[PDB]
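Peer 1: Following this line is structure-v8.cif, made up of mmCIF, N, CA and C atoms:
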```
data_coords
#
loop_
_atom_site.label_atom_id
_atom_site.label_comp_id
_atom_site.auth_asym_id
_atom_site.auth_seq_id
_atom_site.Cartn_x
_atom_site.Cartn_y
_atom_site.Cartn_z
N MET A 1 128.73 78.90 180.82
CA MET A 1 129.54 77.67 180.68
C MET A 1 128.73 76.66 179.87
N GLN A 2 129.43 75.82 179.10
CA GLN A 2 128.80 74.80 178.27
C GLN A 2 129.35 73.41 178.61
N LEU A 3 128.46 72.41 178.59
CA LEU A 3 128.79 71.02 178.85
C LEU A 3 128.47 70.22 177.59
N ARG A 4 128.99 69.00 177.43
CA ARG A 4 128.77 68.31 176.15
C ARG A 4 127.30 68.01 175.87
N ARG A 5 126.52 67.78 176.94
CA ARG A 5 125.08 67.60 176.85
C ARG A 5 124.28 68.89 176.67
N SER A 6 124.87 70.09 176.88
CA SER A 6 124.09 71.32 176.86
C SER A 6 123.60 71.64 175.45
N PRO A 7 122.37 72.20 175.28
CA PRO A 7 121.67 72.14 174.00
C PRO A 7 122.37 72.83 172.84
N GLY A 8 123.08 73.93 173.11
CA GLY A 8 123.85 74.65 172.10
C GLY A 8 125.14 73.95 171.67
N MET A 9 125.60 72.92 172.39
CA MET A 9 126.85 72.24 172.12
C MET A 9 126.68 70.93 171.34
N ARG A 10 125.46 70.37 171.28
CA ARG A 10 125.25 69.05 170.69
C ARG A 10 125.84 68.92 169.29
N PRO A 11 125.66 69.88 168.35
CA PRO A 11 126.25 69.77 167.02
C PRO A 11 127.77 69.66 166.93
N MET A 12 128.50 70.03 167.98
CA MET A 12 129.95 69.88 168.04
C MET A 12 130.40 68.51 168.55
N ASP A 13 129.52 67.74 169.18
CA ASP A 13 129.91 66.46 169.73
C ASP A 13 129.98 65.42 168.60
N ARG A 14 131.16 64.84 168.35
CA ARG A 14 131.32 63.76 167.37
C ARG A 14 130.31 62.63 167.62
N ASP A 15 130.04 62.38 168.90
CA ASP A 15 129.23 61.26 169.32
C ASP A 15 127.76 61.52 168.98
N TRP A 16 127.33 62.78 168.95
CA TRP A 16 125.97 63.13 168.59
C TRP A 16 125.70 62.82 167.11
N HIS A 17 126.63 63.19 166.23
CA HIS A 17 126.61 62.76 164.84
C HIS A 17 126.62 61.24 164.67
N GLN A 18 127.59 60.56 165.30
CA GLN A 18 127.77 59.13 165.14
C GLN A 18 126.55 58.33 165.63
N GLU A 19 125.92 58.76 166.72
CA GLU A 19 124.76 58.06 167.26
C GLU A 19 123.49 58.35 166.47
N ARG A 20 123.36 59.55 165.89
CA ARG A 20 122.27 59.83 164.96
C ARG A 20 122.43 59.03 163.67
N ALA A 21 123.66 58.83 163.20
CA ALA A 21 123.95 57.95 162.08
C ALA A 21 123.55 56.50 162.41
N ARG A 22 123.94 55.99 163.59
CA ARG A 22 123.48 54.69 164.07
C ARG A 22 121.95 54.60 164.10
N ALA A 23 121.28 55.58 164.71
CA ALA A 23 119.83 55.55 164.88
C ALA A 23 119.13 55.43 163.52
N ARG A 24 119.56 56.19 162.51
CA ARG A 24 119.05 56.09 161.15
C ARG A 24 119.31 54.71 160.53
N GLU A 25 120.48 54.12 160.80
CA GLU A 25 120.85 52.82 160.24
C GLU A 25 120.15 51.64 160.93
N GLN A 26 119.73 51.76 162.20
CA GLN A 26 119.15 50.64 162.94
C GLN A 26 117.62 50.68 163.03
N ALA A 27 116.99 51.82 162.74
CA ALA A 27 115.54 51.95 162.79
C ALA A 27 114.82 51.24 161.64
N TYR A 28 113.53 50.96 161.82
CA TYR A 28 112.62 50.46 160.79
C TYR A 28 111.45 51.40 160.52
N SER A 29 111.27 52.44 161.36
CA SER A 29 110.13 53.34 161.30
C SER A 29 110.48 54.63 162.06
N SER A 30 109.70 55.69 161.84
CA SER A 30 109.77 56.95 162.56
C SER A 30 109.27 56.87 164.01
N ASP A 31 108.73 55.72 164.43
CA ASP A 31 108.22 55.49 165.78
C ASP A 31 109.37 55.29 166.78
N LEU A 32 109.91 56.38 167.34
CA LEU A 32 111.13 56.29 168.14
C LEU A 32 110.89 55.57 169.47
N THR A 33 109.73 55.79 170.09
CA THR A 33 109.40 55.30 171.43
C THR A 33 109.54 53.78 171.54
N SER A 34 109.24 53.08 170.45
CA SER A 34 109.30 51.63 170.36
C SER A 34 110.75 51.12 170.27
N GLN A 35 111.62 51.90 169.62
CA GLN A 35 112.92 51.45 169.13
C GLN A 35 114.10 51.95 169.97
N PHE A 36 113.91 53.01 170.77
CA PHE A 36 114.99 53.65 171.51
C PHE A 36 114.59 53.97 172.95
N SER A 37 115.59 54.09 173.82
CA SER A 37 115.41 54.57 175.19
C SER A 37 114.97 56.03 175.20
N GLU A 38 114.20 56.46 176.22
CA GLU A 38 113.93 57.88 176.44
C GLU A 38 115.24 58.68 176.53
N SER A 39 116.26 58.09 177.18
CA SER A 39 117.59 58.66 177.31
C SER A 39 118.24 58.91 175.95
N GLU A 40 118.14 57.95 175.02
CA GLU A 40 118.71 58.10 173.69
C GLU A 40 117.96 59.16 172.89
N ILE A 41 116.63 59.15 172.96
CA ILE A 41 115.79 60.11 172.24
C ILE A 41 116.13 61.53 172.68
N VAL A 42 116.31 61.77 173.98
CA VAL A 42 116.69 63.07 174.52
C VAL A 42 118.16 63.41 174.21
N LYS A 43 119.11 62.53 174.56
CA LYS A 43 120.54 62.78 174.45
C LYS A 43 120.98 63.06 173.01
N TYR A 44 120.35 62.39 172.03
CA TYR A 44 120.73 62.51 170.63
C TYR A 44 119.70 63.28 169.80
N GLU A 45 118.69 63.87 170.45
CA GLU A 45 117.66 64.68 169.81
C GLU A 45 117.01 63.94 168.63
N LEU A 46 116.65 62.67 168.85
CA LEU A 46 116.27 61.78 167.76
C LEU A 46 114.99 62.23 167.05
N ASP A 47 114.14 63.03 167.70
CA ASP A 47 112.99 63.68 167.07
C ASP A 47 113.36 64.47 165.81
N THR A 48 114.59 65.01 165.77
CA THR A 48 115.10 65.89 164.72
C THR A 48 115.97 65.16 163.70
N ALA A 49 116.43 63.94 164.00
CA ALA A 49 117.05 63.08 163.00
C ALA A 49 115.95 62.56 162.05
N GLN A 50 116.21 62.51 160.73
CA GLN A 50 115.19 62.03 159.79
C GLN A 50 115.10 60.49 159.81
N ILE A 51 114.73 59.93 160.96
CA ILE A 51 114.60 58.49 161.16
C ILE A 51 113.27 58.02 160.59
N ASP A 52 113.32 57.01 159.70
CA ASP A 52 112.14 56.48 159.03
C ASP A 52 112.32 55.04 158.51
N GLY A 53 113.49 54.43 158.73
CA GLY A 53 113.79 53.11 158.20
C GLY A 53 114.27 53.08 156.75
N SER A 54 114.31 54.23 156.06
CA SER A 54 114.76 54.30 154.67
C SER A 54 116.28 54.14 154.55
N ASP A 55 117.05 54.37 155.63
CA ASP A 55 118.50 54.23 155.61
C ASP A 55 119.00 52.89 156.18
N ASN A 56 118.12 52.10 156.78
CA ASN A 56 118.49 50.80 157.31
C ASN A 56 118.68 49.81 156.16
N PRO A 57 119.86 49.17 155.99
CA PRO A 57 120.08 48.24 154.89
C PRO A 57 119.13 47.05 154.89
N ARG A 58 118.65 46.61 156.06
CA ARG A 58 117.72 45.49 156.16
C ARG A 58 116.34 45.78 155.56
N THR A 59 116.02 47.05 155.31
CA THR A 59 114.81 47.42 154.56
C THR A 59 114.86 46.89 153.13
N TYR A 60 116.06 46.65 152.59
CA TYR A 60 116.32 46.37 151.18
C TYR A 60 116.93 44.99 150.95
N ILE A 61 117.58 44.42 151.97
CA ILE A 61 118.12 43.07 151.88
C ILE A 61 116.98 42.05 151.95
N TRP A 62 117.00 41.08 151.03
CA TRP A 62 116.07 39.96 151.02
C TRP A 62 116.40 38.93 152.09
N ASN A 63 115.37 38.48 152.84
CA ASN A 63 115.50 37.45 153.86
C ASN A 63 114.26 36.57 153.86
N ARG A 64 114.18 35.70 152.86
CA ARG A 64 113.14 34.69 152.71
C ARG A 64 113.46 33.47 153.59
N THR A 65 112.42 32.72 153.99
CA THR A 65 112.55 31.55 154.87
C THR A 65 113.35 30.41 154.21
N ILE A 66 112.98 30.04 152.97
CA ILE A 66 113.65 29.00 152.19
C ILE A 66 114.48 29.68 151.09
N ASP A 67 115.74 29.26 150.92
CA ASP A 67 116.66 29.90 149.98
C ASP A 67 117.29 28.91 148.99
N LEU A 68 116.52 28.46 147.99
CA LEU A 68 117.03 27.52 146.99
C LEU A 68 118.04 28.16 146.03
N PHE A 69 117.94 29.48 145.80
CA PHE A 69 118.61 30.14 144.68
C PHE A 69 119.72 31.12 145.10
N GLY A 70 120.09 31.15 146.39
CA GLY A 70 121.07 32.11 146.89
C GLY A 70 120.59 33.56 146.83
N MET A 71 119.27 33.75 146.87
CA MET A 71 118.63 35.06 146.81
C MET A 71 118.80 35.83 148.12
N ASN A 72 118.84 35.13 149.26
CA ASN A 72 118.99 35.78 150.56
C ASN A 72 120.29 36.58 150.64
N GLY A 73 120.21 37.76 151.27
CA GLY A 73 121.37 38.61 151.44
C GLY A 73 121.63 39.55 150.25
N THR A 74 120.93 39.36 149.13
CA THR A 74 120.98 40.33 148.04
C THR A 74 120.25 41.61 148.47
N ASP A 75 120.77 42.76 148.03
CA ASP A 75 120.27 44.08 148.41
C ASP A 75 119.70 44.77 147.16
N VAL A 76 118.40 45.12 147.14
CA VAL A 76 117.75 45.60 145.91
C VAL A 76 118.40 46.87 145.36
N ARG A 77 118.92 47.75 146.22
CA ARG A 77 119.53 49.01 145.80
C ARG A 77 120.94 48.83 145.23
N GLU A 78 121.41 47.58 145.09
CA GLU A 78 122.66 47.26 144.41
C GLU A 78 122.43 46.63 143.02
N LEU A 79 121.18 46.44 142.59
CA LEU A 79 120.87 45.83 141.29
C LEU A 79 121.11 46.80 140.12
N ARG A 80 121.15 46.25 138.89
CA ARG A 80 121.44 46.97 137.64
C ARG A 80 120.48 48.14 137.39
N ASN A 81 119.18 47.90 137.61
CA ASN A 81 118.12 48.85 137.34
C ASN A 81 117.79 49.73 138.56
N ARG A 82 118.71 49.80 139.53
CA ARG A 82 118.67 50.75 140.65
C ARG A 82 119.86 51.70 140.56
N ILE B 1 119.58 31.70 94.39
CA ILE B 1 118.95 31.60 95.70
C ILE B 1 119.92 32.18 96.74
N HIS B 2 119.44 33.16 97.52
CA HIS B 2 120.27 33.86 98.50
C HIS B 2 119.87 33.50 99.92
N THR B 3 120.86 33.15 100.75
CA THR B 3 120.68 33.08 102.19
C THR B 3 121.34 34.32 102.78
N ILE B 4 120.56 35.16 103.46
CA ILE B 4 121.06 36.43 103.94
C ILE B 4 121.23 36.32 105.45
N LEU B 5 122.46 36.46 105.93
CA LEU B 5 122.77 36.38 107.35
C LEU B 5 123.14 37.76 107.87
N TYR B 6 122.50 38.16 108.98
CA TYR B 6 122.83 39.40 109.68
C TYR B 6 123.17 39.08 111.13
N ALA B 7 124.22 39.71 111.65
CA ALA B 7 124.52 39.65 113.06
C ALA B 7 125.00 41.02 113.55
N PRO B 8 124.45 41.58 114.65
CA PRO B 8 124.90 42.88 115.13
C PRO B 8 126.33 42.89 115.67
N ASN B 9 126.79 41.79 116.30
CA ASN B 9 128.06 41.79 117.02
C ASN B 9 129.22 41.16 116.22
N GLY B 10 128.98 40.76 114.96
CA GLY B 10 129.99 40.15 114.12
C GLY B 10 129.46 39.76 112.74
N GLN B 11 129.98 38.66 112.19
CA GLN B 11 129.66 38.22 110.83
C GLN B 11 128.60 37.12 110.80
N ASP B 12 128.42 36.41 111.93
CA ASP B 12 127.82 35.08 111.97
C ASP B 12 127.13 34.82 113.32
N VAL B 13 126.87 33.55 113.68
CA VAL B 13 126.29 33.15 114.96
C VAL B 13 127.02 33.79 116.14
N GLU B 14 126.26 34.36 117.09
CA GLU B 14 126.80 34.88 118.34
C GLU B 14 126.26 34.05 119.51
N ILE B 15 127.17 33.45 120.30
CA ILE B 15 126.82 32.71 121.50
C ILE B 15 127.33 33.48 122.72
N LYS B 16 126.44 33.75 123.69
CA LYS B 16 126.77 34.51 124.89
C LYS B 16 126.51 33.67 126.13
N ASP B 17 127.52 33.60 127.02
CA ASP B 17 127.38 33.05 128.36
C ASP B 17 126.91 34.15 129.31
N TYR B 18 126.22 33.75 130.39
CA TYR B 18 125.85 34.72 131.43
C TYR B 18 125.62 34.04 132.77
N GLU B 19 125.87 34.80 133.84
CA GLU B 19 125.30 34.52 135.15
C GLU B 19 124.11 35.44 135.37
N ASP B 20 123.01 34.88 135.88
CA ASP B 20 121.96 35.66 136.50
C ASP B 20 122.57 36.47 137.66
N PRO B 21 122.40 37.82 137.72
CA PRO B 21 123.03 38.63 138.76
C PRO B 21 122.55 38.36 140.19
N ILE B 22 121.46 37.60 140.35
CA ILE B 22 120.76 37.43 141.61
C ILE B 22 120.72 35.95 142.04
N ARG B 23 120.47 35.02 141.10
CA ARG B 23 119.83 33.74 141.43
C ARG B 23 120.71 32.49 141.30
N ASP B 24 122.04 32.62 141.17
CA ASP B 24 122.92 31.45 141.05
C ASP B 24 122.51 30.53 139.88
N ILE B 25 122.18 31.16 138.75
CA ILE B 25 121.85 30.48 137.51
C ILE B 25 122.86 30.92 136.46
N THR B 26 123.32 29.97 135.64
CA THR B 26 124.18 30.27 134.50
C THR B 26 123.44 29.85 133.24
N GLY B 27 123.62 30.59 132.14
CA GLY B 27 123.01 30.20 130.88
C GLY B 27 123.93 30.44 129.68
N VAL B 28 123.52 29.88 128.54
CA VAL B 28 124.12 30.17 127.25
C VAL B 28 123.00 30.41 126.24
N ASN B 29 123.15 31.46 125.43
CA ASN B 29 122.13 31.90 124.49
C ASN B 29 122.76 32.12 123.12
N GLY B 30 122.16 31.54 122.08
CA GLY B 30 122.59 31.77 120.71
C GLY B 30 121.58 32.61 119.93
N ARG B 31 122.09 33.35 118.95
CA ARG B 31 121.27 34.15 118.04
C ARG B 31 121.93 34.22 116.66
N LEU B 32 121.09 34.39 115.64
CA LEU B 32 121.50 34.78 114.30
C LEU B 32 120.27 35.29 113.57
N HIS B 33 120.40 36.34 112.74
CA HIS B 33 119.28 36.73 111.89
C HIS B 33 119.49 36.13 110.51
N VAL B 34 118.45 35.49 109.96
CA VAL B 34 118.54 34.85 108.66
C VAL B 34 117.28 35.12 107.83
N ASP B 35 117.46 35.34 106.52
CA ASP B 35 116.39 35.26 105.55
C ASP B 35 116.84 34.42 104.36
N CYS B 36 115.89 33.94 103.56
CA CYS B 36 116.23 33.30 102.30
C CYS B 36 115.28 33.79 101.21
N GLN B 37 115.84 34.13 100.03
CA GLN B 37 115.08 34.72 98.94
C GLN B 37 115.60 34.23 97.59
N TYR B 38 114.71 33.78 96.70
CA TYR B 38 115.08 33.61 95.30
C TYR B 38 115.29 34.97 94.63
N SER B 39 116.46 35.15 94.01
CA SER B 39 116.70 36.18 93.00
C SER B 39 115.84 35.91 91.76
N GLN B 40 115.85 34.66 91.26
CA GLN B 40 115.04 34.24 90.13
C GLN B 40 114.46 32.85 90.42
N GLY B 41 113.18 32.78 90.82
CA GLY B 41 112.54 31.51 91.14
C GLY B 41 112.36 30.57 89.94
N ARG B 42 112.34 31.13 88.72
CA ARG B 42 112.33 30.38 87.46
C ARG B 42 113.58 29.51 87.29
N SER B 43 114.68 29.85 87.97
CA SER B 43 115.91 29.07 87.92
C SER B 43 115.85 27.76 88.72
N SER B 44 114.66 27.36 89.19
CA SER B 44 114.49 26.25 90.12
C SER B 44 113.27 25.40 89.76
N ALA B 45 113.40 24.07 89.86
CA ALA B 45 112.31 23.12 89.65
C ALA B 45 112.27 22.07 90.77
N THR B 46 111.08 21.83 91.34
CA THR B 46 110.88 20.72 92.26
C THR B 46 110.61 19.43 91.49
N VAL B 47 111.00 18.29 92.08
CA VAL B 47 110.64 16.97 91.60
C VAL B 47 109.57 16.41 92.53
N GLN B 48 108.48 15.90 91.93
CA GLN B 48 107.30 15.48 92.67
C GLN B 48 107.04 13.98 92.46
N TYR B 49 106.69 13.30 93.56
CA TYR B 49 106.28 11.90 93.58
C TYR B 49 104.90 11.68 92.93
#
```
So, in terms of C-alpha cells, how does the structure I just supplied come out?
Peer 2:
Amino acid sequence: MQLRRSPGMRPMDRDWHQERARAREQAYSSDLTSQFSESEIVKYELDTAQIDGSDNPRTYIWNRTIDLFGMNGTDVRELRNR
Amino acid sequence: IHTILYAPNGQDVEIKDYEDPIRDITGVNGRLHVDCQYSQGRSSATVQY
C-alpha cells in the first residue's frame, strides 16, 4: 500500500512539486537548516531540490536604502544586456 | 568650397529622445557628421587688418 508521504509516491504529489518550487523561490542559499523546518526538509526532500538562491527574484532585485532615481525594484535579469 | 554632410539615419541632423531604462532620466541627443574642403583653394582670398 502507498500513502502520499510514502517515498515512492512523492513525485506524483502535486504539492511536492509546488512546495519544491516555493523552496527554490524563497531560499537565499543551499543552507536548508537555517531556512526551513526539519518537517519541510523531510516532507519535500529539500536535500534533492537544487536550492541555492539562484531562483529567488530578490537575489536580482535592487533594494538600496536611499532611492533618488527609482532604481529600487528593478531586476537585473530583465535588462537589455541580460 | 564644399561642406560635406553625412548622416546614417537620413539626409541631415538626427535628434533622438530617450528614457534611461533604469534611472527615471530622460534625454535628447543630436548628431551630424560634417567635413569642409576646398576643391580649389586658389579660388579664395582672405582680407587682413
Peer 1: Convert the output of the PyMOL selection byres ((chain A) within 7 of (chain B)) on the shown file into explicit residues, formatted as a list in words.
Peer 2: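 Output of the PyMOL selection byres ((chain A) within 7 of (chain B)): residues 68, 69, 70 and 71 of chain A.
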Peer 1: Which residues, named as in the file, does the PyMOL selection byres ((chain B and resi 29-44) around 5) pick out? Answer as number ranges by chain.
Peer 2: B: 1-6, 13-16, 27-28, 45-46
Peer 1: Write the residues of the selection above to a file with N, CA and C atoms, as a CSV table (one decimal), in the coordinates of the input.
Peer 2:
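Final output, selection_18.csv:
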```
chain,number,residue,atom,x,y,z
B,1,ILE,N,119.6,31.7,94.4
B,1,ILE,CA,119.0,31.6,95.7
B,1,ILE,C,119.9,32.2,96.7
B,2,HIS,N,119.4,33.2,97.5
B,2,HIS,CA,120.3,33.9,98.5
B,2,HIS,C,119.9,33.5,99.9
B,3,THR,N,120.9,33.2,100.8
B,3,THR,CA,120.7,33.1,102.2
B,3,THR,C,121.3,34.3,102.8
B,4,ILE,N,120.6,35.2,103.5
B,4,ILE,CA,121.1,36.4,103.9
B,4,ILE,C,121.2,36.3,105.4
B,5,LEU,N,122.5,36.5,105.9
B,5,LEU,CA,122.8,36.4,107.4
B,5,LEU,C,123.1,37.8,107.9
B,6,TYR,N,122.5,38.2,109.0
B,6,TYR,CA,122.8,39.4,109.7
B,6,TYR,C,123.2,39.1,111.1
B,13,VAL,N,126.9,33.6,113.7
B,13,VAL,CA,126.3,33.2,115.0
B,13,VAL,C,127.0,33.8,116.1
B,14,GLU,N,126.3,34.4,117.1
B,14,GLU,CA,126.8,34.9,118.3
B,14,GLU,C,126.3,34.0,119.5
B,15,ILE,N,127.2,33.4,120.3
B,15,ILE,CA,126.8,32.7,121.5
B,15,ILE,C,127.3,33.5,122.7
B,16,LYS,N,126.4,33.8,123.7
B,16,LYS,CA,126.8,34.5,124.9
B,16,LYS,C,126.5,33.7,126.1
B,27,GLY,N,123.6,30.6,132.1
B,27,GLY,CA,123.0,30.2,130.9
B,27,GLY,C,123.9,30.4,129.7
B,28,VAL,N,123.5,29.9,128.5
B,28,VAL,CA,124.1,30.2,127.2
B,28,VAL,C,123.0,30.4,126.2
B,45,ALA,N,113.4,24.1,89.9
B,45,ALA,CA,112.3,23.1,89.6
B,45,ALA,C,112.3,22.1,90.8
B,46,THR,N,111.1,21.8,91.3
B,46,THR,CA,110.9,20.7,92.3
B,46,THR,C,110.6,19.4,91.5
```
Peer 1: Translate the PyMOL selection byres ((chain A and resi 24-40) around 8) into a concrete residue list for this structure, as JSON, numbers by chain.
Peer 2: {"A": [18, 19, 20, 21, 22, 23, 41, 42, 43, 44, 45, 46, 47, 49, 50, 51, 52, 53, 54, 55, 56, 57, 58, 59]}
Peer 1: How many Å lie between atom C of residue 2 in chain A and CA of residue 17 in chain A, rounded to one decimal?
Peer 2: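 Distance between the two atoms: 17.6 Å.
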Peer 1: List as a PyMOL selection string: which residues have an atom within 12 Å of (114.5, 43.0, 141.5), counting only C-alpha atoms?
Peer 2: (chain A and resi 60-62+71+74-82) or (chain B and resi 20-23)
Peer 1: Just asking: which residues within chain B are strand (DSSP E or B) according to DSSP, as a list in words?
Peer 2: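 Going through chain B, the strand (DSSP E or B) residues come out as residues 2, 3, 4, 5, 6, 14, 15, 16, 17, 18, 19, 26, 27, 28, 29, 30, 31, 33, 34, 35, 36 and 37 of chain B.
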Peer 1: Any idea what the distance is between CA of residue 8 in chain A and CA of residue 48 in chain A?
Peer 2: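 About the pair CA of residue 8 in chain A and CA of residue 48 in chain A: they are 14.4 Å apart.
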Peer 1: By how many Å are atom N of residue 73 in chain A and CA of residue 17 in chain B apart?
Peer 2: 24.5 Å
Peer 1: Mind giving me the axis-aligned box for range 16-20 of chain A with 4 Å on every side, centre plus edges in Å to one decimal, as JSON?
Peer 2:
```
{"center_x": 125.0, "center_y": 60.6, "center_z": 166.3, "size_x": 13.5, "size_y": 13.1, "size_z": 13.3}
```
Peer 1: Fewer than 2 positions away in the same chain doesn't count, so skip those; otherwise give me all residues within 12 Å of residue 4 in chain A, counting only C-alpha atoms, as a PyMOL selection string.
Peer 2: chain A and resi 1-2+6-16+43-44
Peer 1: What would range 17-38 of chain B look like with N, CA, C and O atoms restored, written as a PDB file, in the frame of the given file?
Peer 2:
```pdb
ATOM      1  N   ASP B  17     127.520  33.600 127.020  1.00  0.00           N
ATOM      2  CA  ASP B  17     127.380  33.050 128.360  1.00  0.00           C
ATOM      3  C   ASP B  17     126.910  34.150 129.310  1.00  0.00           C
ATOM      4  O   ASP B  17     127.220  35.321 129.120  1.00  0.00           O
ATOM      5  N   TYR B  18     126.220  33.750 130.390  1.00  0.00           N
ATOM      6  CA  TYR B  18     125.850  34.720 131.430  1.00  0.00           C
ATOM      7  C   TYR B  18     125.620  34.040 132.770  1.00  0.00           C
ATOM      8  O   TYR B  18     125.185  32.892 132.838  1.00  0.00           O
ATOM      9  N   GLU B  19     125.870  34.800 133.840  1.00  0.00           N
ATOM     10  CA  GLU B  19     125.300  34.520 135.150  1.00  0.00           C
ATOM     11  C   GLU B  19     124.110  35.440 135.370  1.00  0.00           C
ATOM     12  O   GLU B  19     124.188  36.649 135.134  1.00  0.00           O
ATOM     13  N   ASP B  20     123.010  34.880 135.880  1.00  0.00           N
ATOM     14  CA  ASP B  20     121.960  35.660 136.500  1.00  0.00           C
ATOM     15  C   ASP B  20     122.570  36.470 137.660  1.00  0.00           C
ATOM     16  O   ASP B  20     123.246  35.892 138.505  1.00  0.00           O
ATOM     17  N   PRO B  21     122.400  37.820 137.720  1.00  0.00           N
ATOM     18  CA  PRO B  21     123.030  38.630 138.760  1.00  0.00           C
ATOM     19  C   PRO B  21     122.550  38.360 140.190  1.00  0.00           C
ATOM     20  O   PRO B  21     123.189  38.819 141.133  1.00  0.00           O
ATOM     21  N   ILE B  22     121.460  37.600 140.350  1.00  0.00           N
ATOM     22  CA  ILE B  22     120.760  37.430 141.610  1.00  0.00           C
ATOM     23  C   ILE B  22     120.720  35.950 142.040  1.00  0.00           C
ATOM     24  O   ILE B  22     120.940  35.656 143.213  1.00  0.00           O
ATOM     25  N   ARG B  23     120.470  35.020 141.100  1.00  0.00           N
ATOM     26  CA  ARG B  23     119.830  33.740 141.430  1.00  0.00           C
ATOM     27  C   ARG B  23     120.710  32.490 141.300  1.00  0.00           C
ATOM     28  O   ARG B  23     120.172  31.381 141.314  1.00  0.00           O
ATOM     29  N   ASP B  24     122.040  32.620 141.170  1.00  0.00           N
ATOM     30  CA  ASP B  24     122.920  31.450 141.050  1.00  0.00           C
ATOM     31  C   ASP B  24     122.510  30.530 139.880  1.00  0.00           C
ATOM     32  O   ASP B  24     122.466  29.304 140.002  1.00  0.00           O
ATOM     33  N   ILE B  25     122.180  31.160 138.750  1.00  0.00           N
ATOM     34  CA  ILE B  25     121.850  30.480 137.510  1.00  0.00           C
ATOM     35  C   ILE B  25     122.860  30.920 136.460  1.00  0.00           C
ATOM     36  O   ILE B  25     123.221  32.094 136.395  1.00  0.00           O
ATOM     37  N   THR B  26     123.320  29.970 135.640  1.00  0.00           N
ATOM     38  CA  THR B  26     124.180  30.270 134.500  1.00  0.00           C
ATOM     39  C   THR B  26     123.440  29.850 133.240  1.00  0.00           C
ATOM     40  O   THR B  26     122.702  28.868 133.244  1.00  0.00           O
ATOM     41  N   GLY B  27     123.620  30.590 132.140  1.00  0.00           N
ATOM     42  CA  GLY B  27     123.010  30.200 130.880  1.00  0.00           C
ATOM     43  C   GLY B  27     123.930  30.440 129.680  1.00  0.00           C
ATOM     44  O   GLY B  27     124.949  31.111 129.797  1.00  0.00           O
ATOM     45  N   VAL B  28     123.520  29.880 128.540  1.00  0.00           N
ATOM     46  CA  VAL B  28     124.120  30.170 127.250  1.00  0.00           C
ATOM     47  C   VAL B  28     123.000  30.410 126.240  1.00  0.00           C
ATOM     48  O   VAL B  28     122.017  29.678 126.220  1.00  0.00           O
ATOM     49  N   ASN B  29     123.150  31.460 125.430  1.00  0.00           N
ATOM     50  CA  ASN B  29     122.130  31.900 124.490  1.00  0.00           C
ATOM     51  C   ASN B  29     122.760  32.120 123.120  1.00  0.00           C
ATOM     52  O   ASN B  29     123.735  32.859 122.991  1.00  0.00           O
ATOM     53  N   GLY B  30     122.160  31.540 122.080  1.00  0.00           N
ATOM     54  CA  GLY B  30     122.590  31.770 120.710  1.00  0.00           C
ATOM     55  C   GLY B  30     121.580  32.610 119.930  1.00  0.00           C
ATOM     56  O   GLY B  30     120.375  32.547 120.198  1.00  0.00           O
ATOM     57  N   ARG B  31     122.090  33.350 118.950  1.00  0.00           N
ATOM     58  CA  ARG B  31     121.270  34.150 118.040  1.00  0.00           C
ATOM     59  C   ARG B  31     121.930  34.220 116.660  1.00  0.00           C
ATOM     60  O   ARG B  31     123.162  34.160 116.532  1.00  0.00           O
ATOM     61  N   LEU B  32     121.090  34.390 115.640  1.00  0.00           N
ATOM     62  CA  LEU B  32     121.500  34.780 114.300  1.00  0.00           C
ATOM     63  C   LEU B  32     120.270  35.290 113.570  1.00  0.00           C
ATOM     64  O   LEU B  32     119.195  34.727 113.736  1.00  0.00           O
ATOM     65  N   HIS B  33     120.400  36.340 112.740  1.00  0.00           N
ATOM     66  CA  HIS B  33     119.280  36.730 111.890  1.00  0.00           C
ATOM     67  C   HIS B  33     119.490  36.130 110.510  1.00  0.00           C
ATOM     68  O   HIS B  33     120.562  36.269 109.939  1.00  0.00           O
ATOM     69  N   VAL B  34     118.450  35.490 109.960  1.00  0.00           N
ATOM     70  CA  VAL B  34     118.540  34.850 108.660  1.00  0.00           C
ATOM     71  C   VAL B  34     117.280  35.120 107.830  1.00  0.00           C
ATOM     72  O   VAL B  34     116.165  35.127 108.352  1.00  0.00           O
ATOM     73  N   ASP B  35     117.460  35.340 106.520  1.00  0.00           N
ATOM     74  CA  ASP B  35     116.390  35.260 105.550  1.00  0.00           C
ATOM     75  C   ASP B  35     116.840  34.420 104.360  1.00  0.00           C
ATOM     76  O   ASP B  35     118.037  34.229 104.146  1.00  0.00           O
ATOM     77  N   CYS B  36     115.890  33.940 103.560  1.00  0.00           N
ATOM     78  CA  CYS B  36     116.230  33.300 102.300  1.00  0.00           C
ATOM     79  C   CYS B  36     115.280  33.790 101.210  1.00  0.00           C
ATOM     80  O   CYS B  36     114.079  33.873 101.428  1.00  0.00           O
ATOM     81  N   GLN B  37     115.840  34.130 100.030  1.00  0.00           N
ATOM     82  CA  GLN B  37     115.080  34.720  98.940  1.00  0.00           C
ATOM     83  C   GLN B  37     115.600  34.230  97.590  1.00  0.00           C
ATOM     84  O   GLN B  37     116.795  34.311  97.306  1.00  0.00           O
ATOM     85  N   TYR B  38     114.710  33.780  96.700  1.00  0.00           N
ATOM     86  CA  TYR B  38     115.080  33.610  95.300  1.00  0.00           C
ATOM     87  C   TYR B  38     115.290  34.970  94.630  1.00  0.00           C
ATOM     88  O   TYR B  38     114.395  35.813  94.613  1.00  0.00           O
TER      89      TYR B  38
END
```
